[PDB]
Amino acid sequence: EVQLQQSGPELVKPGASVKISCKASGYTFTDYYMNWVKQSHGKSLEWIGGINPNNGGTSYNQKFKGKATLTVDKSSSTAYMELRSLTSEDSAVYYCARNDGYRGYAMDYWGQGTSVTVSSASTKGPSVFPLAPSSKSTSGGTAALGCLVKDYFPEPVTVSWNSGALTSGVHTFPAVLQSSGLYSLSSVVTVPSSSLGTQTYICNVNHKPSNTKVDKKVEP
Amino acid sequence: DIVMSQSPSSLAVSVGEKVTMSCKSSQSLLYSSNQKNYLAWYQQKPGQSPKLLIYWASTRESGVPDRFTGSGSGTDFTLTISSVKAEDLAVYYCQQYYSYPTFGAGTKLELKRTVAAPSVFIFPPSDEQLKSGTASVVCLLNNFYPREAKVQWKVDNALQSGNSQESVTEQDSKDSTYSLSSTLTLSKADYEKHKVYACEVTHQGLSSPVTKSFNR
């Protein structure tokens, strides 16, 4: 019931600015401060600063004051964070995190993260290709198929099958970085060689920074 | 300026065992007025935001199972799990809020299980791709343990090098295994210069290296 929803992926050019949002919904926004925590890849959490809605009073992480600015809008129950003079050190995931002010910064409800990438480069949609379910792609009567999601910039895309009807045995791998500098991933699924005859498999790729959308079909 | 230091940086464990990570703080986290400890534990399962386990150092957030107990006072703390589930794989962070919030490095919780041997597959480059001048062939190592697994692509019995990129998933939260995708990409014109396209697999759950292959 208590939902924190932040923006989407941001692709920003070095030195620009970015503002990501966070609408909180399911509680009374005005008796709960609101935090922002950075998370670089394969790295731990870093609190940035936190704000109360009632006056937009802030307090900051003593190394982020110069990069981060927090702006509140109780009338929409949304909090904001802006990052300025952007470099590659500010490429990470930033979560919205709620806490009680009357007790302290224990963040019981957190957002869902917004991948921020700081690149001179333009977005590029991926080339959704299918993965061929063959008979050398078989072991015990069960077949493995998928969708390759090749040549996208930047992170991330979201892969799902049958619009979410299918969660069983799905493997959407971390993206690798090619020689070319564009990400590329797979998101296979193992399945009985029985259903193949009479069952349909559609990858639901969405690379949001480029507004790309594909529902390619994976057949033998 | 408090320094939160968690040891160990990572550990493994079987389902059912008992886990105990600690979290020393450079500064005492106890408030004489409160007699409450200003430390929280968060959990972060692969691909998810940090979820609160324990606040006030001792108190469970609601909906957090009785298996996680918070313990410690002042400078030294400890998170405990009594009967490790296969789903508890995550990175556990201690944070202090006795002043401006600071985190620990985290402690990575790996699960321990038996040797599973990997299922090998292989994928031809699709039409829609080859019809663009590129040619990516794919090897899928599904559900093995441990995470070490060598994967040599061979073309016409010629060992390649420098033309493939591996990707490993995180541990499954039911079976505790791993999946591994090994993509081999070269030019369509290099594609149609050979015949044999194989994927030789070394592992521990394999006695004899498993090759899967196909012909153009």
# chains A, B, ... in the order shown; residues from 1 in each chain; ligands from 1

call {"tool": "interface_residues", "arguments": {"of": "chain A", "to": "chain B", "cutoff": "9 Å", "atoms": "only C-alpha atoms", "output": "PyMOL selection string"}}
result
chain A and resi 43-49+59-61+95+104-113+127-134+136-139+143-145+148+171-178+185-186+188+190

call {"tool": "select_by_dssp", "arguments": {"residues": "region 126-182 of chain A", "states": "strand (DSSP E or B)", "output": "list in words"}}
result
residues 127, 128, 129, 130, 131, 138, 142, 143, 144, 145, 146, 147, 148, 149, 150, 151, 152, 153, 158, 161, 166, 170, 171, 172, 176 and 177 of chain A

call {"tool": "select_by_dssp", "arguments": {"residues": "region 4-134 of chain A", "states": "helix (DSSP H, G or I)", "output": "MDAnalysis selection string"}}
result
chainID A and resid 29:31 74:76 88:90

call {"tool": "write_last_selection", "arguments": {"atoms": "N, CA, C and O atoms", "output": "mmCIF file, in the first residue's frame"}}
result
data_model
loop_
_atom_site.group_PDB
_atom_site.id
_atom_site.type_symbol
_atom_site.label_atom_id
_atom_site.label_comp_id
_atom_site.auth_asym_id
_atom_site.auth_seq_id
_atom_site.Cartn_x
_atom_site.Cartn_y
_atom_site.Cartn_z
ATOM 1 N N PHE A 29 2.293 11.952 3.572
ATOM 2 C CA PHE A 29 3.613 12.391 3.164
ATOM 3 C C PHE A 29 4.293 13.418 4.075
ATOM 4 O O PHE A 29 5.506 13.607 3.995
ATOM 5 N N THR A 30 3.536 14.066 4.948
ATOM 6 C CA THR A 30 4.056 15.245 5.646
ATOM 7 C C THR A 30 4.646 14.989 7.039
ATOM 8 O O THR A 30 5.225 15.902 7.658
ATOM 9 N N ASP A 31 4.487 13.767 7.542
ATOM 10 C CA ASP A 31 5.115 13.409 8.811
ATOM 11 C C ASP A 31 6.096 12.263 8.590
ATOM 12 O O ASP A 31 6.113 11.288 9.332
ATOM 13 N N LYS A 74 5.108 18.587 -1.556
ATOM 14 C CA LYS A 74 4.073 17.898 -0.794
ATOM 15 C C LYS A 74 2.722 17.901 -1.509
ATOM 16 O O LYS A 74 2.001 16.902 -1.486
ATOM 17 N N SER A 75 2.400 19.005 -2.180
ATOM 18 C CA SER A 75 1.114 19.143 -2.866
ATOM 19 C C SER A 75 0.894 18.079 -3.952
ATOM 20 O O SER A 75 -0.210 17.930 -4.476
ATOM 21 N N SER A 76 1.952 17.336 -4.265
ATOM 22 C CA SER A 76 1.901 16.264 -5.249
ATOM 23 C C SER A 76 2.517 15.030 -4.610
ATOM 24 O O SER A 76 2.657 13.984 -5.251
ATOM 25 N N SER A 88 31.326 11.102 -14.785
ATOM 26 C CA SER A 88 31.059 9.660 -14.759
ATOM 27 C C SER A 88 30.965 9.072 -13.340
ATOM 28 O O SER A 88 30.485 7.954 -13.151
ATOM 29 N N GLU A 89 31.406 9.835 -12.346
ATOM 30 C CA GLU A 89 31.389 9.394 -10.954
ATOM 31 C C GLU A 89 29.981 9.368 -10.411
ATOM 32 O O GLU A 89 29.718 8.763 -9.382
ATOM 33 N N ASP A 90 29.090 10.054 -11.115
ATOM 34 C CA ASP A 90 27.685 10.166 -10.763
ATOM 35 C C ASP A 90 26.844 9.225 -11.610
ATOM 36 O O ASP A 90 25.632 9.402 -11.701
#

call {"tool": "residues_around", "arguments": {"residues": "residue 209 (chain A)", "least_positions_apart": "4", "cutoff": "12 Å", "atoms": "only C-alpha atoms", "output": "PyMOL selection string"}}
result
chain A and resi 7-12+114-117+121-126+152-158+213

call {"tool": "atom_distance", "arguments": {"atom1": "CA of residue 37 (chain B)", "atom2": "CA of residue 11 (chain B)"}}
result
26.2 Å

call {"tool": "residues_around", "arguments": {"residues": "residue 215 (chain B)", "least_positions_apart": "3", "cutoff": "8 Å", "atoms": "only C-alpha atoms", "output": "short mmCIF file (atom, residue, chain, number, x, y, z; two decimals) with N, CA, C and O atoms, in the first residue's frame"}}
result
data_model
loop_
_atom_site.label_atom_id
_atom_site.label_comp_id
_atom_site.auth_asym_id
_atom_site.auth_seq_id
_atom_site.Cartn_x
_atom_site.Cartn_y
_atom_site.Cartn_z
N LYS B 195 32.36 -24.48 -40.61
CA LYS B 195 31.28 -25.46 -40.56
C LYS B 195 30.98 -25.85 -39.11
O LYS B 195 29.84 -25.70 -38.64
N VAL B 196 32.00 -26.35 -38.41
CA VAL B 196 31.91 -26.77 -37.01
C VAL B 196 31.84 -25.57 -36.05
O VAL B 196 32.73 -24.72 -36.05
N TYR B 197 30.78 -25.52 -35.24
CA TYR B 197 30.63 -24.51 -34.19
C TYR B 197 30.25 -25.16 -32.87
O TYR B 197 29.09 -25.50 -32.64
#

call {"tool": "residues_around", "arguments": {"residues": "residue 150 (chain B)", "least_positions_apart": "4", "cutoff": "8 Å", "atoms": "only C-alpha atoms", "output": "list in words"}}
result
residues 201, 202 and 203 of chain B

call {"tool": "write_last_selection", "arguments": {"atoms": "C-alpha atoms", "output": "PDB file, in the first residue's frame"}}
result
ATOM      1  CA  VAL B 201      32.563 -27.113 -21.196  1.00  0.00           C
ATOM      2  CA  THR B 202      34.762 -27.865 -18.183  1.00  0.00           C
ATOM      3  CA  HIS B 203      33.274 -27.959 -14.671  1.00  0.00           C
TER       4      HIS B 203
END

call {"tool": "residues_around", "arguments": {"residues": "region 175-177 of chain B", "least_positions_apart": "5", "cutoff": "9 Å", "atoms": "only C-alpha atoms", "output": "PDB file with C-alpha atoms, in the first residue's frame"}}
result
ATOM      1  CA  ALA B  86      17.658 -20.674   0.132  1.00  0.00           C
ATOM      2  CA  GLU B  87      16.020 -17.271  -0.524  1.00  0.00           C
ATOM      3  CA  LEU B  89      20.884 -14.807  -0.512  1.00  0.00           C
ATOM      4  CA  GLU B 110      26.186 -16.992  -0.607  1.00  0.00           C
ATOM      5  CA  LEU B 111      24.379 -20.327  -0.282  1.00  0.00           C
ATOM      6  CA  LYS B 112      26.163 -23.721  -0.176  1.00  0.00           C
ATOM      7  CA  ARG B 113      24.864 -26.723  -2.139  1.00  0.00           C
ATOM      8  CA  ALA B 116      25.157 -29.725  -9.945  1.00  0.00           C
ATOM      9  CA  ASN B 142      22.017 -23.660 -17.271  1.00  0.00           C
ATOM     10  CA  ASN B 143      21.963 -24.526 -13.547  1.00  0.00           C
ATOM     11  CA  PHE B 144      25.291 -25.635 -12.187  1.00  0.00           C
ATOM     12  CA  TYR B 145      27.308 -25.233  -9.024  1.00  0.00           C
ATOM     13  CA  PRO B 146      29.920 -23.886  -8.204  1.00  0.00           C
ATOM     14  CA  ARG B 147      30.354 -20.694 -10.246  1.00  0.00           C
ATOM     15  CA  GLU B 170      23.180 -14.486  -9.610  1.00  0.00           C
TER      16      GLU B 170
END

call {"tool": "atom_distance", "arguments": {"atom1": "CA of residue 43 (chain B)", "atom2": "CA of residue 90 (chain B)"}}
result
6.4 Å

call {"tool": "closest_residue", "arguments": {"among": "A:179, A:206, A:55, A:142", "to": "residue 191 (chain A)", "atoms": "only C-alpha atoms"}}
result
A:142

call {"tool": "residues_around", "arguments": {"residues": "residue 74 (chain B)", "least_positions_apart": "3", "cutoff": "8 Å", "atoms": "only C-alpha atoms", "output": "PyMOL selection string"}}
result
chain B and resi 27-30+37+77

call {"tool": "closest_residue", "arguments": {"among": "B:192, B:17, B:156, B:148", "to": "residue 85 (chain B)", "atoms": "only C-alpha atoms"}}
result
B:17

call {"tool": "closest_residue", "arguments": {"among": "A:150, A:201, A:98, A:71", "to": "residue 180 (chain A)", "atoms": "only C-alpha atoms"}}
result
A:150

call {"tool": "closest_residue", "arguments": {"among": "A:41, A:23, A:216, A:65", "to": "residue 77 (chain A)", "atoms": "only C-alpha atoms"}}
result
A:23

call {"tool": "atom_distance", "arguments": {"atom1": "CA of residue 119 (chain A)", "atom2": "CA of residue 91 (chain A)"}}
result
8.9 Å
